[PDB]
Every structure is written in C-alpha cells, then in structure tokens.
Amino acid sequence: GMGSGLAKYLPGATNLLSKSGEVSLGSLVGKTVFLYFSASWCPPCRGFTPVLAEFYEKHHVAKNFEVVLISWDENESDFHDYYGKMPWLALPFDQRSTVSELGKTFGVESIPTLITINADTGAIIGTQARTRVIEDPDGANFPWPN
C-alpha cells in the first residue's frame, strides 16, 4: 500500500477507473492531477472535453499529470458510455453521492471545471485550468499557478 494526498478530498475513494483496469490513488505519486467536473449531457462540456483530450494526449507524460473525471451523471449506464470514450481516469460511479459536496469544497459554480491538485499533499495548485488549456494549448505556463 502507498498513501496519497488525494485522500484529503477523496477519503472514501480507493480505486480509480482506468483504461488499464483500476489504479490506486497511490499510483499517482509525484503527479499533478486534474479533477475534471463534467457530465455527459452538459453542452459546454461537450465542447471542452475534446480540447482537454488533445491537451492530455500531447502533454500528460512530459508534464507528468493525470485527468480524473468527476461526473455529475446520475445514470450509471450513461456514466460508463461517456467515460468509455475518454482517454484518462474516472472516480467510480459508486462515489456519485460525494460529487455535490466535492464541488462545494472546491467552489465549483458550474461545469466544465478543472481543479488542479498536487497528488502527494492534496494542495490545490489552481482552479482555472478549464480556461488555461484553451489559452495555452502547448502548456508553456503549466500548471498555471496564481
């Protein structure tokens, strides 16, 4: 077992959904993590997700980060379909009861929203990456601290 600073905000979470199966929070040691508050049916999310996917494909290795979907979907089949087409990780559907309070904790007032977190400490690096990705597509100023 390995600890994780993400457990500061996901104390009920252990595994994340991934394209390789499941990954522990501990597996993200040393990384920058983006919590991506989104939903399958939200129109502005539909416009943003491909932009974030392109950024992810380009930079996630060289800039040592992961993206974890935090979905507002309340329908499990919709959740899996939506996440299936993304390239990154997801908080499992069985954590859906925590999503509202997690949004409140980070001052999420609408979606899409990105919250940038240090995986080791749980420190919030930034809250504006949803726009910075568009402003800075090659991530010159990543991870966009204030």
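Numbers for residues come from their place in the sequence shown, where the first is 1.
- Comparing 6 to 14 with 134 to 142, the higher mean C-alpha B-factor in the PDB entry belongs to 6 to 14.
- Sorting the modelled residues of the chain by their CA temperature factor places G26 in the lowest third.
- Sort the modelled residues of the chain by CA B factor and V108 lands in the highest third.
- Split the chain's modelled residues into thirds by C-alpha temperature factor. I117 is in the highest one.
- Compared with the other modelled residues of the chain, the Cα B-factor recorded for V33 ranks in the middle third.
- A90 sits in the middle third of its chain by CA B factor, as recorded in the PDB entry.
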